[PDB]
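# Reading the structure
One letter stands for each residue in the lines below.
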Amino acid sequence: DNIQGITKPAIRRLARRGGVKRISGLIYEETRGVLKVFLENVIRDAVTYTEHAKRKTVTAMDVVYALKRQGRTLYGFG
Amino acid sequence: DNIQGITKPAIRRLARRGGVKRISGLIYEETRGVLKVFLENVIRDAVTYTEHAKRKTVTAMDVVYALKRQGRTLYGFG
Amino acid sequence: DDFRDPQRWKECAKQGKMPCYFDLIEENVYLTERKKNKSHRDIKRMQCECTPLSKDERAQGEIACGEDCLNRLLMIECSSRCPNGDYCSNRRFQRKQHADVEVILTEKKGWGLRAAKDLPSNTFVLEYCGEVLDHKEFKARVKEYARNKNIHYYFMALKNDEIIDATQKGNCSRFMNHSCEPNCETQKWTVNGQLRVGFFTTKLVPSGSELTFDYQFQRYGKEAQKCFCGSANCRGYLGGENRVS
Amino acid sequence: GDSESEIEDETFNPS
Amino acid sequence: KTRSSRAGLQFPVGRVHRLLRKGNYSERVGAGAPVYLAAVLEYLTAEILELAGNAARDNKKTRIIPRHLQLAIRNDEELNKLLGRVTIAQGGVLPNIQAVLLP
Amino acid sequence: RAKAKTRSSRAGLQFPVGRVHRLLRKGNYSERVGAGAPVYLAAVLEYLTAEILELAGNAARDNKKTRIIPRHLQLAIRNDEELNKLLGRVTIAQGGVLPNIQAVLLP
Amino acid sequence: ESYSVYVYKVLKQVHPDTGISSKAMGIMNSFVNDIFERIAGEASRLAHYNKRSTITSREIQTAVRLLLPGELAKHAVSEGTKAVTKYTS
Amino acid sequence: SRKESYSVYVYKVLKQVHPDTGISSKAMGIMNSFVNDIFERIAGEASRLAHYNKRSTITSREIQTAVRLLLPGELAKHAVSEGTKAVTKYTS
Amino acid sequence: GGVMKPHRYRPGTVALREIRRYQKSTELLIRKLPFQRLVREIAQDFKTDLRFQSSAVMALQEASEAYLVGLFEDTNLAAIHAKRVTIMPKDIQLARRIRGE
Amino acid sequence: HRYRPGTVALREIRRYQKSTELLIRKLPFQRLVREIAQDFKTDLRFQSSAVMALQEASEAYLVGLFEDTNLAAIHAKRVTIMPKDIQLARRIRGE
DNA sequence: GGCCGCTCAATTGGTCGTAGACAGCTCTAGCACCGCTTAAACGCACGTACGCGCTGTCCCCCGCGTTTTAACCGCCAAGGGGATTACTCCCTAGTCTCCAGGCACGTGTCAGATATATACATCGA
DNA sequence: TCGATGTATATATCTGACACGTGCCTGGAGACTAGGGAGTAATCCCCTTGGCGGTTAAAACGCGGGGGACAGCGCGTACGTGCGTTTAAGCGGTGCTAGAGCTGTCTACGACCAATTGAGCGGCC
C-alpha cells in the first residue's frame, strides 16, 4: 500500500506547478488512481522489454523506450 | 471563397452525428476555420508526397500517408 | 358500440339522437401518394435501444419499452423490428389501443366527447383519422364545403404538404371540443415512416369529464366561429379576431 | 427487402 | 505441402516472410517469426470477423459492411483500445446520447 | 599516397558525416544510402542544434547564468512556436515548465 | 496484391452463412497491413535496441505483448505458440 | 567500452553560436537525446518514403522531403536551404 | 371555417431525432462538389495546376468528416461539463487546446 | 498578520514554476514503482536513474494533466478543480 | 462447357559463413541495513472565498414554412498523365589498407550552491 | 495613509563539476572493382477534367416563440492558511553478492541460390 505514499502536499505541489489555485478534497484519490494507471502502463511495457533481453534489472533505457512507445519521449536518459 | 461551400446545414449535420442537441450561431465560422486548417495540414503533406513521387496527381495513398503521418490512419482507401 | 351498427346509427342520426354518418375507419388513408423521401426507410432505422426483457421480468409484468424507451421519448412508435418484439408497449397506434370514450350531445355547443373511464395523465386517447389531402384537393374540398354551407370543419394540418380531412371519413375523435383551458393535447407521432396525430391527456381526467384541446385554429373563413369554453381566458373566437388566409 | 443494398454496395467475389 | 498447412493456419507464410525481408525490418528473419506473426494476424482477423458477424445478426443482415466492422471494433473494450486512433471509411460512430440531453 | 580530410570538412559542417552515414547503413532504414543523404541530414541536424542552442544561450543571459542547464532548453523550446510544435510531446528531465498563470485566477 | 482471398477462408470458419462487401474487404485489407506494419516495426525496434540482426519468434512475441492489450494478447500469444509448435514438429 | 555520443559535436556548434557559454552534463544528455530523436524521425520518414515509392536508395531528395514533412513552418525553409547549401559545397 | 393545427414539436426533440438518424446512417455529410472545390482551392496555394483522383477526394472527405465528428463528440462533453447544452466557439477552442493542437 | 485565502496559492504557483526540482518525495515514489512492478514480474530490480526517469515522466504527465484540467475548471466558470474536471480532461485527451 | 499451358512464386537441399547461445568471469551496481538530522507531513481551529441552487430576464436558435439555387445523374469527349518494357551508365556496396579523430581517464580550476544582511515589492488595515 | 514579510540583491565563501589535456584504439577515408538500381526514352489507355442538359432535393431564407444562456444573489459548506506536533525522508555510512556487461568458443541457423515444383489465371478446342 504505497499509493498513499504520494502525499497530499505532493499532489498539491504538482497541481501548483500546473497553475491550479484551488483544489477540492476529492482530487487526491482521483490523482492517485491516474498515477497508478499511468505507472501500470509504462511499467508493463518496461518490464516486457526487460524480460525480452533476459535481464533482471529495469534500466533507464527500458523506461525511455516504454515512454517513447506511448508518445512521451523523455529526454535526458539516453 | 469555396470555404462558404461547406454549408450551414452540413456543419450542423456533422455536429448532429457527434451528438450535439443545440448549436450556436458562431460555431459555423469557427468550424470553417478549423476545417480549413485541418485540410491545409493534410493537403500540404499529401502534396509533398506527390511532388516527391515525381507525379502531378494526388492519389488516395498520398492522402492516406499524409493522414497516417498526422496520426489518424484511415482504412478503406489502401 | 353505437357506431358499429350502420342502420341504427343512420336512423338515430336523422332523429338527432346521434351525429351524422361518416365512414368509420381505423386509420388515416392517403388519397394520393407522394415522393418517398429518404426518411421512408425509417421503418428499419428507428431501432430502439431498450433491453430485451428476460422471461422473468416479462413474467412479472414489467413494461417493455416503458417511459425510458428511447423511441417513446422521441414520439416514435416501434416497428416489428423492435428488440422487445410483440411485448413492446410502444405500439399503441399500430395495435389500436385507444381509450374508452363516449359521444354526448351538449346543451349549447352541439356534439362533444366525454371520458368513459378515469384516464391517467400523459395517456393516449385516440388517433385523428381521416383523408390526407394536398393543397389543391384541400382547396377543392374547402370550395365544396363552402358551397354546401357546412357549419362544422374537420381540417387538421398534418405537415407542410399534408392536411387530414375528417369531414367524410374518420372516427370518434372528430367530436372533441375546443377549450382555452384544455385537459388534452395533440402530438405529431411517427409510425412506420408515416406521420400521425394523436390526442393525449395532460392530467388525470376522471370519467364523465368532457374532453377538450387547444385547436390553434387557422380561421380562413370570412365569418368568425364563436368560442364557448367559458374559461376567463377565453379568446372569444376560435383563432380570435385575427383572420388568416 | 434487403437485396436492394447490393445495388448500393456490391459483394466481394473471389472468382 | 505449403507452410500454411504445416502451421495449421489460413493466412500465407511466404508473403509474410517475403514482406519482412523485403520491407527492411532487420538484416535477417528467423523461421518462426513469419509463422508466429501470421498466426497473430489471423487470430486478430478472426476476432474482428467474429464480432462483425454477431453485429450483422443483431441487425438482421447477412453481409459484413463497413458499419458492422465499426460496431464490432467499438463495442469491445480492447479492440477499441487497439484501434482508438483509427478512422474507418463509411463506418460512422456508436449510437450514444449523453444523459443530460434526453428530455 | 594522398592526404585524407573528413567529409564534414568537405561539406563545411561541424556535425559528423561518417557517423551519420554509418547509422543509416547500420539502422536498416533502406538497402542503399545515397552519397548526399548523410551530408544533407548532417547539415539539417546541425542547423536544428544551432537553432535551439541560439535560444538556449539567450535564455541563459535572461537568467544571468553562463552555462546551459535543462531549464534553459525547456524555456527555449516552449517559447519558440515552431520548435514548440516540433517538440510538443517531449518531456525534458529536470526541465520544469513556463511561468504561466491564467488571467482569471488573480484579482 | 491483397489479403482478400485469405480473409474469405477465415470468415467462413467463424461464420458459414455470411458474405462481405468490397468496402468491408477493403477495410480488412487496411487492417491487416496496419497490424502487420505495427508488429514488424516494433519487432524491428526490439531487435535494434538489443543490437540483434535477426527477428525471431521471441522478438514477435515481445512486440505482440507490447502492442496488443491484455486479454487479447493472451489469446494472440496462445495462437502464435500453437502455430509455431505445429510448424516446428 | 567506448560508447557513441554527440557531446563533442554539440560543444563545437555551441562554441560557434556562443563563443562564451558553457553547458552542463544534464543539458548535454538532453542534446544527445534530441539529436538521436530527430535523426530517428527523419531517417524513419525517409525509409517510409523510399518504401512507398518502391525504391531501395535513400538519397538527399528523400531526406529533403522527409525534412519538409517533419519540420513546421519557416523552420523547414531554413533547414532545406542549409541542406542544399551543404550538398552544393560537398559537390564542388 | 378554419384549419386546426396540432402542437409543434418541442424544440430540440427533432434535433434528437436527427442525432439518431445521422448516427445510425453511414454516408457523406458534406456535399461532394463543394468539398471537392475546397480541396482544390487550398491545394493551389501549395502547387499550381494539380489533379485529384476520386478516391483521393473521398479519402480526404472521410478523414475531414471523421475529424469534425471526433471534435464535436469531445466538444459536446465540454459544453455539458460547463452545465450547458448549446455548443459555443469557446467549447471548440477548449477541445482543440486540451487535445493538443 | 495573515494572507487572504488565495494569495499564498498564487505565490506557491510562482515559486514552483520558477523552480526546477521534483515535487514527489523520492522514497515513497521509489516504493510505489516496486509495488506496481511486482504484479508484472516478481522479484525485480531497478537502476537508480530508471526510477528517476519514471518520476520525471509521472510528474510531467500529472503537471500536463493539471494544466489542461485547469482550463476545464476555468471553462466551467469555476476556479476549484474537481474530479469531474480530471475525468473530462482524460476523456478529451483520449484515455 | 472443360483441358493444356504460362507466368509467377513458392518450396527444397545444399553450401556457406557468421549470428547467436552457452559458459566463465569480473566488478559495477543495487540492495539491506544502521543512526541522526531537520524538513515535511499531519491533525485542528478558524473564517473567508467560493460552489452552488434559485431566480428573473433577454435573446437567441429551434421548428416551421416557402422559394432559390446548384448539387447529383449520366453520358459523352479530349488527352494529360500514370503505368509500364528495354538500354545503358552511372553510383553505391563491398573488401583492403592505412592513420588521425574521438573517447576514456586524469589534473586543475572556477561558476554555481551556500551563507547573510541589505534594500526593495507586494499585500493587510 | 501606512503595518509586515519575500524576493531579488551584493558581498564573500566554498566546492565538485567542468573543461581542457594526453594516450592510443577503432572506425572513418581513400581507393579499387563488379554489379544492378533507377534515369530515361518510348509507348500505350484510362481515368480525370471538362462539357452540357436536366431534376429535385437541399440550402437559403424569413418567422414566432419558448428554451436556455446568462447575470445576480443568499446561503453554508469546505478549503486555504497557520500553527504545534510528529515522523520518516534524506543523508552519510556500513557490507554483501546479484547479476550486468563482457570475451571467448563453437554450434546451427539463416542468406543465398540453383533447381525443382505447383497455383492460379488464362486461352484454345
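Basis of the calculations
Residues numbered from 1 in each chain as written, not as in the entry; some residues may be left out. Chains lettered and ligands numbered in written order. Heavy atoms only, no water. Helix = DSSP H or I, 4+ residues; strand = E, 2+ residues; numbered from the N terminus. Rg over C-alpha atoms; globule rule 2.2 N^0.38 Å. Buried < 20%, exposed > 50% of the residue type's maximum accessible area, 1.4 Å probe, protein only. Areas by Shrake-Rupley, 256 points an atom, 1.4 Å probe, with all protein chains shown as cover. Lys, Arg positive; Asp, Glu negative; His and termini not counted. Charge placed at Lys NZ, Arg CZ, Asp CG, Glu CD. 1 Å grid on protein atoms, 1.4 Å probe; cavity = no way out; pocket = protein on both sides within 12 Å on 5 of 7 lines; lining within 4 Å. Points joined across faces, edges and corners; volume = space filled by probe spheres on them. Nonpolar A, V, L, I, M, F, W, Y, C, P; charged D, E, K, R; others polar. Pairing = 2+ DSSP bridges. Salt bridge = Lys/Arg side-chain N within 4 Å of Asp/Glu carboxyl O. Core = buried A, V, L, I, M, F, W, Y, C linked by side-chain atoms within 4.5 Å. Contact = heavy atoms within 4.5 Å. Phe/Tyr/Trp six-rings, centres within 6.5 Å; stacked < 30°, edge-to-face > 60°. Buried area = accessible area lost by both parts, 1.4 Å probe. Polar contact = N/O pair within 3.5 Å; in protein donor to acceptor, adjacent residues only side chain to side chain.

Going by the header, the method for this PDB entry is cryo-EM, and the resolution given is 4.84 Å.

Here we take up the overall build of chain G. The secondary structure content of chain G amounts to four helices and two strands. For chain G, the succession of helices and strands along the chain, N to C, is α-β-α-β-α-α. Here the C-alpha radius of gyration of chain G, 15 Å, is well above what a compact globule of 89 residues would show, namely 12 Å. Here chain G holds 89 residues, and the buried ones make up 54% of them. About 4000 Å² of surface is accessible on chain G, with carbon and sulfur atoms providing 48% of the total. A gap of 5 Å separates the mean positions of the 12 positive and 8 negative side-chain charges of chain G.

Next up on the list: empty space enclosed by the protein. Gaps left between atoms show up when a probe the size of a water molecule is rolled over them. Scanning all chains against the criterion turns up three cavities of 30 Å³ or more. Quantified by volume, the largest cavity comes out at close to 50 Å³. As for the largest cavity, its lining consists of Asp42(C), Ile43(C), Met46(C), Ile76(C), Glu77(C), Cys78(C), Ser79(C), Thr190(C), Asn192(C) and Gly193(C). In terms of residue class, the lining of the largest cavity is made up of four nonpolar, four polar and two charged. Its volume calculated, the second largest cavity comes out at about 40 Å³. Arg7(F), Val17(F), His21(F), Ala35(F), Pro38(F), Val39(F) and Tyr90(H) together form the lining of the second largest cavity. In the lining of the second largest cavity, the residues fall into five nonpolar, one polar and one charged.

This part takes up the sheet that holds strand 8 (residues 162–165) of chain C. Spatially, 2-6-8-7 (chain C) is the arrangement adopted by the four strands of the open sheet, whose pairing is mixed. Among the strands making up the open sheet, the edge pair consists of strand 2 (29–30) and strand 7 (155–159) of chain C.

Let's shift gears to the pattern of salt bridges. Under the criterion given, the structure shown has 54 salt bridges over all chains. In this structure, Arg99(I) and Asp74(I) form a salt bridge, with 2.9 Å as the shortest nitrogen-oxygen distance. Note that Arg99(I) is positioned in helix 4 (residues 89–99) and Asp74(I) in helix 3 (residues 54–81), a separation of 25 residues in sequence. Of the residues examined, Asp74(I) reaches a relative accessible area of 9% and is grouped as buried. With its nearest N and O atoms 3.9 Å apart, the salt bridge here joins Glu101(I) to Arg99(I). For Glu101(I), a relative accessible area of 47% puts it in the partly exposed group. Connected via shared salt-bridge partners are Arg72(B), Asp74(I), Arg96(I), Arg99(I), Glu101(I) and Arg91(J).

Our focus in this paragraph is the nonpolar core. Counting residues in hydrophobic clusters, the biggest one holds 116 residues, and the most contacted among them are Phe39(H), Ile42(H), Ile63(H), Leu71(H) and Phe72(I). Residue contributions to this core peak at 14 residues, all from helix 2 (residues 25–52) of chain H. With 62 residues, the next largest nonpolar core counts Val16(E), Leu79(E), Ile88(E) and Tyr8(G) among its residues.

Within the sequence span of helix 4 (residues 83–93) of chain J, burial applies to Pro83(J), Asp85(J), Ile86(J), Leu88(J), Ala89(J), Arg90(J) and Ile92(J). Elements that come into contact with the buried residues of helix 4 of chain J comprise helix 2 (27–52) of chain A, helix 3 and helix 4 of chain I together with helix 3 (48–75) and strand 2 (80–81) of chain J. At the C-terminal side of helix 4 of chain J, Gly94(J) shows a positive phi close to 105 degrees.

Bringing the packing of aromatic side chains into the picture now. All names here are of chain B. Across all of its chains, the model carries 29 aromatic pairs over all chains by this definition. Note on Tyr 49 and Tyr 65: the rings are 5.9 Å apart at their centroids and 55 degrees apart in plane angle, and the pair reads as tilted. With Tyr 49 in helix 2 (residues 27–52) and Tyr 65 in helix 3 (residues 60–70), this pair connects stretches of sequence that are 16 residues apart. Judged by relative accessible area, which is 4%, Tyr 49 ranks as buried.

Many analyses report the size of an interface as the accessible area lost when the parts associate. Taken together, the 53 residues of chain E in the interface contact 56 residues of chain G. Both faces combined, the contact of chain E with chain G buries some 5000 Å², and carbon together with sulfur accounts for 72% of it. In this assembly, chain E and chain G are joined by two salt bridges. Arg15(E) is the salt-bridge partner of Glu1(G), the closest N and O atoms lying 3.8 Å from each other. Where chain E packs against chain G, one counts 13 residue pairs in polar contact. Counting only elements with at least two residues in the side of chain E that touches chain G, the list comes to helix 1 (3–7), helix 2 (14–22), strand 1 (28–29), helix 3 (32–58), strand 2 (63–64), helix 4 (66–74), helix 5 (77–82) and strand 3 (86–88) of chain E. Ranked by the residues each element gives to the side of chain E that touches chain G, the list is headed by helix 3 of chain E, at 20 residues. When the residues that make up the side of chain E that touches chain G are grouped by side-chain class, the tally is 32 nonpolar, eight polar and 13 charged. As paired elements, strand 2 of chain E and strand 1 (residues 19–20) of chain G share two bridges and run parallel to each other. Across the sheet, residue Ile64(E) finds its bridge partner in strand 1 of chain G, namely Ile20(G).

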